[PDB]
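Coordinates in review
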Amino acid sequence: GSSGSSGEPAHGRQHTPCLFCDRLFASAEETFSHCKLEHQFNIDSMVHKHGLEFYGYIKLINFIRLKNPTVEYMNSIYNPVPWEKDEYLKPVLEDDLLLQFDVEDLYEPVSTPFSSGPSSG
Ligand SMILES: [Zn+2]
């Protein structure tokens, strides 16, 4: 047995679990995309749908972490939302990447005339 390699070192890394499942992902983007492929669920749609504000978005995340509902439900929701609680604001998990994700980026100023003219065809 010439080959002799034994090591149990640790590398400081960050990982964020999934909302629906318990899958870890190096970064947030990874998860979101994963859900859009498997759970066929988009997080961006929510922010725009329930106009989740800076804090709102946070509640939406933790909400799934605590409640742990199903995609089907995610689509079938109404006001008051099941995440309209402060308690949710708190990070259900530790060093939650998703929570860090800049939701603002999602907000796009519809000022530029970019392809301005719906139903042009
Ligand atoms: Zn998942």
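Residues numbered from 1 in each chain as written, not as in the entry; some residues may be left out. Heavy atoms only, no water.

As recorded in the PDB header, solution NMR is the method behind this entry.

The name recorded for the protein in the PDB entry is Protein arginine N-methyltransferase 3, from Mus musculus. As recorded in the PDB, the entry bears the title "Solution structure of the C2H2 zinc finger domain of the protein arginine N-methyltransferase 3 from Mus musculus".

What about the packing of aromatic side chains?
Inclusion rule: Stacked, tilted and edge-to-face are the three classes assigned to paired rings of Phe, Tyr and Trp, where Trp is represented by its six-membered ring and a pair needs centres within 6.5 Å; plane angles under 30 degrees give stacked, over 60 edge-to-face, the rest tilted. For the purposes of this entry, the term helix denotes a DSSP run of H or I that reaches at least four residues, the term strand denotes a run of E that reaches at least two, and both are numbered from the N terminus. Summary of the burial criterion: residues with accessible area below 20% of their type's maximum are buried, those above 50% are exposed, and those between are partly exposed, where the area comes from a 1.4 Å probe applied to protein chains only.
According to the stated counting rule, one finds 7 aromatic pairs in the structure shown. Here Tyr57 and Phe101 contribute two aromatic rings whose centre-to-centre distance is 6.0 Å and whose plane-to-plane angle is 45°, an arrangement assigned as tilted. Of this pair, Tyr57 sits in helix α3 (residues 54-66) while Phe101 sits in the segment after α6 (97-100); the two residues are 44 residues apart in sequence, bridging distant segments of the chain. The exposure class assigned to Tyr57 is buried, which follows from its relative accessible area of 1%. For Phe101, a relative accessible area of 22% gives the class partly exposed.

Concerning the coordination of the zinc ion
Put simply, the test is: For Na, K and Ca the donor cutoff is 3.2 Å, while for all other metals N, O and S atoms must lie within 2.8 Å; water is not among the atoms, so some sites may look incomplete. Irregular is the default label, applied whenever a site is not tetrahedral (four donors, all angles between 85 and 135 degrees) and neither square planar nor octahedral (four or six donors, opposite donors over 155 degrees apart, all other angles between 65 and 115).
Ligation of the zinc ion by protein atoms is provided by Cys18 (SG), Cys21 (SG), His34 (NE2) and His39 (NE2), these donors lying 2.3 Å from the ion. Around the zinc ion, the 4 donor atoms sit at angles spanning 98 to 118°, and that spread fits a shape best called tetrahedral. Written as a sequence motif, the donor residues of the zinc ion are C-x2-C-x12-H-x4-H. With a gap of 18 residues between them, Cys21 in the loop between β1 (16-17) and β2 (24-25) and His39 in the loop between α1 (28-37) and α2 (43-49) connect regions that are remote in the sequence.

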